[PDB]
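Naming follows writing order (A, B, C, D and E), and every chain is counted from residue 1.
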Amino acid sequence: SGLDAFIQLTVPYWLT
Amino acid sequence: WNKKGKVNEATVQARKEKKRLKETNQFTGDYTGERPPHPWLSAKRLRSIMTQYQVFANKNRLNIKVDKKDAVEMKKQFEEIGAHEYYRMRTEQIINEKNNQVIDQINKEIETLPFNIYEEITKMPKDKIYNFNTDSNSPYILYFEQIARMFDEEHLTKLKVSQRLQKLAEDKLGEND
Amino acid sequence: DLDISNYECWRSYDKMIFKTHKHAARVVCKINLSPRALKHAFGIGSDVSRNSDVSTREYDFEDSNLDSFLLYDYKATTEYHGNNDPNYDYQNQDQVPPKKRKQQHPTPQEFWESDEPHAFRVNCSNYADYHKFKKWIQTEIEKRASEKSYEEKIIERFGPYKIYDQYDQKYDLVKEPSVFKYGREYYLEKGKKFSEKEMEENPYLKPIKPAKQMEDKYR
Amino acid sequence: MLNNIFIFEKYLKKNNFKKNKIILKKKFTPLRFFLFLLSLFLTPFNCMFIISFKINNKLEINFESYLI
Amino acid sequence: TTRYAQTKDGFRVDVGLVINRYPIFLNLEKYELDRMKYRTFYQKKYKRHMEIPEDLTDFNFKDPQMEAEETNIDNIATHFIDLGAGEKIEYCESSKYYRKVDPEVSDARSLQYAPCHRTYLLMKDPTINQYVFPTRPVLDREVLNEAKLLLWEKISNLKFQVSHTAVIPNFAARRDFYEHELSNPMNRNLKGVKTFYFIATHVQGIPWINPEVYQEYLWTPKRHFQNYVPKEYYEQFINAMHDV
C-alpha cells in the first residue's frame, strides 16, 4: 500500500 | 415537470475499465506517455536510492531502542528550540492578519474606479499573475555563501545540493553540467 | 500496555509527517478534548498545509521512540460548513427535508475557547504506540490546566511579540552580522581544530574579517 | 529567520492572486513525482515521514521547502 | 483633451511606487543552528531518517556567487585603493557583495546603510520638505501599468535595474488636497487624490534620480520610518511593511 507501491511499479522499468 | 436522467456510456466504461486495470498498472513505463529522465541518473544510482530506502521502510520502534539518558536531554533541547520557534511562528500568524487587512481595504476600493482600468485589473491575463519564476534575488541564492558556512556540517549542505539535482532532473532544468 | 513513566513526548515544528492528500493517512484513533485545554496546556496550533478545507490548525508531536504525530479537528467550524443563516430557523426540527436540514455550527474563535469536547483525529508514521500518545496528553492536560498558560510563559522569557508598528516608540537597529560570530568552529568537538590542509581544501572554512570603512583620503 | 524572509515574496502574490493563502500546486509525471518526494526526505530544514496513495496527485507544498 | 482619471466618488488617482533592496546580512540564531549539531548527532546513533548514498555525490558543483561576482564590475571596481608590502589593501562601497559591505556605516545616501534590515527609499518634494515615494497622476485614457513605466523612464532613464513582480497595486491612500494645485481648474471638481502604489525590487544597479524632479533621496527600514515622515503617512503602510 501507500507510497511503497509506486516504487515496485514505476522504478523497475526505467532501470533498463 | 422533470424526469429522471439516463446514464451516459462514459460513466459505464470507467466503471468497467478500472476492474480490467486494477491488476495491471498504467504507470509502468512507456504505456504512459513518458520521456526518459536526465541521463545523469543511472540504473546504478536508483539502486543506490532503492537499496537504502528499502532499509528505511524496514525501520520501526522495535528494531531500535534508546537510552533514557539520551532521551531526557532531548526534551530540554527540542523543547527550548521549539520555544524560540513558537515565538517566531506566532508572529507570522499575527503578521499575516495585518497583511490580509491591507488586501481587504483595497479590494473595497478597486470597486471605486473608472470603467477602463477596472476591466484590466479584474480581467488580467493569468500569465502575469502566474509568474513563479526565480530571480537573482532568492534567499537560497542571495545567502548561499553565508548559509554554506553557518551550518555545523557539510552533509546538511549536501542535503541541499543533492536535492536540487533531483528537482533539476524533474523540470529538466539541468543539462550537461 | 501503557506506562507514561519511561515514555516521553514533546512538540516540534520541522520534524513532521507529510501528506500528499487529506485522507492518505488512516485515522489511527480519536481523542475527545476541550480545545481550551490545548491553548492553555500547549502552544497554539500552526496553520494548515495538509488539511485544506477540513481543519483550522495542526499540531506536530514527537516521541522517545522517534515517532511523529499529528492532531487536527475535522469539520468543526463554519469554515467548512459555511456561515450560519440568521433567516433559517434551526428550530423547524425536521419539517423541511432532513437531508435539507442544516445544524448551526460555531465560529472558530468561539470554538477554541469552549470547554466542550470534540474528536481530534490522529495520524502517525508506521507502527507507533499511539495508545500511549493518548494518555500522555490526557494526563498532561490534567496538570497544565491549573498551572499556567503556555503563551504567558513565553512572554516572560522572550517578551511580547515585537512587530515594529508603533509610532510612539523609538526602536533600535541591529548591526552585528551572525556570519563572523558563528561557523563550524563553535560546533566542532572540543579539543580539536581543522586540519590546515582541510582548512585549505575546503574554501568554506576559511574565516572572514569584516570589511572596514576605510578613510576617504584615499579614493 | 529564512521563514521570516518568504513572508514578502508570498505577500506580493496575495495581491496578484487577491487571495489570503498561496500554494504552488505542481503536478508531476511518475518518475518526476517520486524524486520530488526524495527531495523532501532529505531537506536540512525538515525531517519528514511521507504518506500517500498509489496515485500521483497535484501536490500542495509551501515555497519554503521549494528550491531549484 | 486632457482629463485626469476620476472615480465614481470623484477622487483623483496617482500611480505610485515603492522600491527596495533585499538585506544582505542574515542573523541566524543559535537555536536555528543548534539543531544542525544535535539532529545529526542523534541520527548517527540510531538513524531514523533517510541517509544519502555515495553515487549521488560525484557531480561537479559551482557556487553561483563566486564566479558571477568576480565579473560584476560593481564588485570588481574598488573605490579606495592603497598600497602595501606586496599585496595591497583596498575597499569598495556601493556594492552588494556581503564581505565588502560593512556591518557599521551611517551613509543614508548609499544602499548599504543597514545591511541587516531591509530598507525602502524615499523622495523629497520640491513643493514641501517632506519625504514621500514617487508619484504622478493619470489621464482618463492612460493605464496604471502604462503610467508606471512613464514614471520609470522619467526618473531612471535606464540607469537603474529593477524587477516588476507586482502588476496589481499593493497600497492605497487618501490625502487631503495640495495648496499649490488649488490653482489648477481640473482638481476642483475631483475633490480628492488617491495613490495606488506598486512595489518593485532593486537588482544589479545603483540609485540615480534626476535632480530636476526630485533630489536628496534617502533610505530607511520599517522601524525608523517614523522619523522621516509624519504619523498619518506612517500608519497606512506599516501594517504591510516587512522588517526582515
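The rule is short, and it goes like this: contacts are C-beta pairs under 8 Å (C-beta built on N, C-alpha and C of every residue); 3 or more make two chains touch, one makes a residue touch a chain.
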*Taking mean CA positions as centres, which chain lies farthest from chain E?*
A
*With chain centres defined as C-alpha means, what is the inter-centre distance between chain A and chain B in Å?*
20
_Distance between chain centroids, defined by C-alpha means - chain A, chain C (Å)_ = 34
*Would you kindly tell me how far, in whole Å, the mean C-alpha position of chain E lies from that of chain D?*
27
*Specify, in ascending order, the residues of chain E that touch 2 or more different other chains.*
25-29, 32-33, 35-37, 46, 48-50, 52, 98, 165, 167-170, 239-240
_Residues of chain B that contact two or more other chains, please._
27, 37, 49, 53, 57, 64, 66, 74, 78, 84-85, 89, 91, 95, 98-99, 106, 128-129, 131, 139, 143, 146, 148, 150-153, 156, 159, 162
*Give the residues of chain C that touch two or more other chains, as numbers and ranges in rising order.*
14, 24, 66, 126, 163, 165, 178-179, 182, 187
*Please give all chain pairs that are in touch with each other.*
A-B, A-D, B-C, B-D, B-E, C-D, C-E, D-E
_Help me check something: in the complex, which residues belonging to chain E touch chain D?_
26-29, 32, 36, 39, 49-50, 52, 165-170, 199, 240, 242, 244
*Can you list the chain C residues touching chain B in their complex?*
6, 8, 10-13, 43-44, 46-47, 62, 64-67, 126-129, 150-151, 154, 157-158, 161-163, 165, 178-179, 182-184, 187, 202, 204-205
*Going by the contact rule at the top, pick out the chain B residues touching chain A in the complex.*
25, 27-29, 36-37, 43, 46-47, 50, 53, 57
*Tell me, which parts of chain D touch chain B in their complex?*
2-7, 11, 14-18, 20, 24, 28-32, 35-36, 38-39, 42-44, 56, 67-68
_Contact set on chain B toward chain D in their complex_ = 27, 32, 34, 37, 49, 88-89, 91-92, 95-96, 99-100, 103, 106-107, 128-129, 131-132, 134, 139-140, 143, 151, 156-157, 159-160, 162-164, 166-171, 173
